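In what follows, a structure is listed as C-alpha cells, so that the remarks can point back to it.
Here, each number is a calculation from the coordinates, and none is a lab measurement. Cβ sites come from the backbone with ideal geometry, for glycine too, and all protein chains shown count toward neighbours.
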Amino acid sequence: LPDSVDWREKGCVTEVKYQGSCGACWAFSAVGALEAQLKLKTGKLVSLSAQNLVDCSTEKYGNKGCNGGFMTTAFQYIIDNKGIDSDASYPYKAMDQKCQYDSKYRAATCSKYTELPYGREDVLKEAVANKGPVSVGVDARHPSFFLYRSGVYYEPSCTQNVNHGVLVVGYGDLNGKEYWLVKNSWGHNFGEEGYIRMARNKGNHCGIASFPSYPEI
Ligand SMILES: *C(=N)c1nc(-c2ccc(OCCCN3CCN(C)CC3)c(C(F)(F)F)c2)cc2c1ncn2C
C-alpha cells in the first residue's frame, strides 16, 4: 500500500456541498462515493443528486430524509431504481420533498455495494488505496468537530457510535501524525475548506472504520 493517497489528485472528487439545515449528510456521502466510481468508469466527473436520495430513498430504505439515513441503503435504492439523477437536473433544496426522479436525467447507475468489516483501519486503507473513496459514519456529536479548523483531528471523548455520514477521499500523515482525509458536506468554509483530517490508526477513532462502504457502477 502507498503511504499516502488523495483522490482529489486523480480528478475523482467533486466540489464540497453545503447541506444546510437538512440532515442529508448520508446522501452526500453516498453520492460522493458513486461520483468517484462514475469518473473511474466513464471519464466524467459529475456531481450526483443528493436530493434524489432524500426524496426517493425514503421509508422503504429505512431512511428519514432531512432527519438522517444510511449510505448502504442509499446505494441499494440506486440499484433498485436503476439510476440516480445528476445534481444539475435535480438540485439540492435542503428539505424533504416528494420523489421527483426521472430516468431521462440519469447520471449514474449502481450494480452493487460492499460493506467493510467493523473497526478495521487496515482494510479501510486498502479499500481507499485500491477501490476509491469510501463512505463512512463518524461520531461528530462533539463541539470540537464543529470547531475544527486545521491539522489532524483528535477528540478524546469521541466514541465508536456513528451519527454523521462523510466520505474518506484519502489518507496520509502530517509530520508523522496519521490521518484519514474526509470530505464533509457542511460547505467550503468548514475545516480545511470542506475537509477534515481525522486521526487514523488511533483505535477506530470517532468510529471512522465502524461502518464503511463503497459502491460499484
Ligand atoms: C446527517 N446529516 C445525519 N446523519 C444521521 C445518521 C444516523 C445514524 C447513522 O448510522 C447508523 C449506524 C450505521 N448503520 C449502518 C446500516 N446498518 C444496517 C445499521 C447500522 C448515520 C450514518 F449512516 F453513519 F451516516 C447517520 C442522523 C442525523 C443526521 N442529521 C440529523 N440526524 C438526526
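Values computed for the structure shown
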| quantity | calculated |
| --- | --- |
| Of the criteria (1) outside any helix (DSSP H, G or I); (2) over 20 Å from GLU216 (Cβ atoms); (3) of a type in the set (A, V, I, L, M, F, W, C), which one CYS12 fails | (2) |
| Any hit, the stretch 203-215, residues being under 19 Å from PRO2 (Cβ atoms), touching a residue at least 12 places away in the same chain (Cβ under 8 Å), away from the ligand (no atom under 14 Å from the Cβ) and buried (at least 19 other Cβ atoms within 10 Å of the Cβ) | no |
| Restricting the stretch 1-20 to residues that are exposed (fewer than 13 other Cβ atoms within 10 Å of the Cβ) and of a type in the set (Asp, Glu), the residue that is nearest to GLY65 (Cα to Cα) | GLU15 |
| Residue match in the stretch 164-180 (condition: in a loop (DSSP other than H, G, I, E, B), surrounded by fewer than 16 Cβ atoms within 10 Å (Cβ to Cβ) and away from the ligand (no atom under 16 Å from the Cβ)) | yes |
| Some residue of the stretch 65-77 being away from the ligand (no atom under 15 Å from the Cβ) and in a loop (DSSP other than H, G, I, E, B) | no |
| Single unsatisfied condition, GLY132 versus (1) surrounded by fewer than 22 Cβ atoms within 10 Å (Cβ to Cβ); (2) touching a residue at least 60 places away in the same chain (Cβ under 8 Å) | (1) |
| From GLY23, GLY69, residue being touching a strand residue (DSSP E or B) at 6+ places or on another chain (Cβ under 9 Å) and under 18 Å from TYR113 (Cβ atoms) | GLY69 |
